[PDB]
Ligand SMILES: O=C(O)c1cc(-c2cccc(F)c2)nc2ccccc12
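Here you get one chain, nothing else, as structure tokens; it is the form deposited without the ligand.
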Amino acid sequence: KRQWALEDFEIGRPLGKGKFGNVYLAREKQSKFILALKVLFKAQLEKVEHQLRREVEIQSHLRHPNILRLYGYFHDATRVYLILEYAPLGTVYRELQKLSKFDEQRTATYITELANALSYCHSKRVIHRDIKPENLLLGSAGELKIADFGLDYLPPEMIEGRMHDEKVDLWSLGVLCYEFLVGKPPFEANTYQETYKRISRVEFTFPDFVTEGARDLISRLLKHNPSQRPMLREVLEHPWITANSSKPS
């Protein structure tokens, strides 16, 4: 067990706001490494608690270069502090907004890193990650980090009130692959009710610039019947992925 204290850190700029408190860039005073210090107000946190609890637990046991690291935690009487990895390149969402859409190389690379992280997650029994672009951070090398962390992306089984399994993550990967290449998720519409229908019927169109290999991959992942979706290893072996990914799996 390691005891941390506020005094061990040099607090820097705020990196953002969570529904429960702020996140700051911070430097640990001895090592000088740089990290994110997330603050959660004990009070409104019971407005629940002991979950997050599950959360620090889960994130603490996950050790992967494509999953945001939790280095430790400490607390006082209105605050709990999470010592988190700092992702210097920001969010993938920011990158998508700036470029409007990603090329095949960038997309296939991100999908490789995500499939690897998801495969590791599943190997540790963790499933159903929210991998929307705003929840994906970028490390120093431009490598993606799943930053889960205590409707467009919901699979049919979910919106149709059935039970779901790890196959929900494959559906997410397909929606993500489409959003990366196109700049918007595939079932986007005006009203939630119209989006629910699109998802339920797997109703979406491809822009002309989406290639043959990309369509094959996306269409397989976005199968209504979860058992018909490819396994993560089949995604990593898909020819469109092995042609375009700038990194091995």
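Rigid core: the largest C-alpha set superposing within 1.5 Å between the two forms. The first residue of the shown sequence is 1; numbering continues from there.
The next section is about a form of this same protein that is not shown, the form deposited with the ligand bound.
Using a 4.5 Å cutoff between non-hydrogen atoms, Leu45 counts as a contact of the ligand in the deposited bound form.
By the criterion of a heavy atom within 4.5 Å, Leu222 is excluded from the residues contacting the ligand in the deposited bound form.
At the 4.5 Å threshold, heavy atoms of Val80 reach the ligand in the deposited bound form. A residue is said to contact a partner when one of its heavy atoms sits within 4.5 Å of a partner heavy atom; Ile218 fails this definition for the ligand in the deposited bound form, lying far away. The three residues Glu237, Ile241 and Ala243 each lack any heavy atom within 4.5 Å of the ligand in the deposited bound form. Along 70-91, residues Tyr73, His75, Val80 each place a heavy atom within 4.5 Å of the ligand in the deposited bound form. Relative to the superposed core, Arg233 undergoes a Cα shift smaller than 2 Å between this form and the one not shown. Annotation for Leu40: C-alpha shift of 2 angstroms or more between this form and the one not shown, rigid core superposed. Once you line up the core between this form and the one not shown, the Cα of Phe74 ends up 2 Å or more from where it was.
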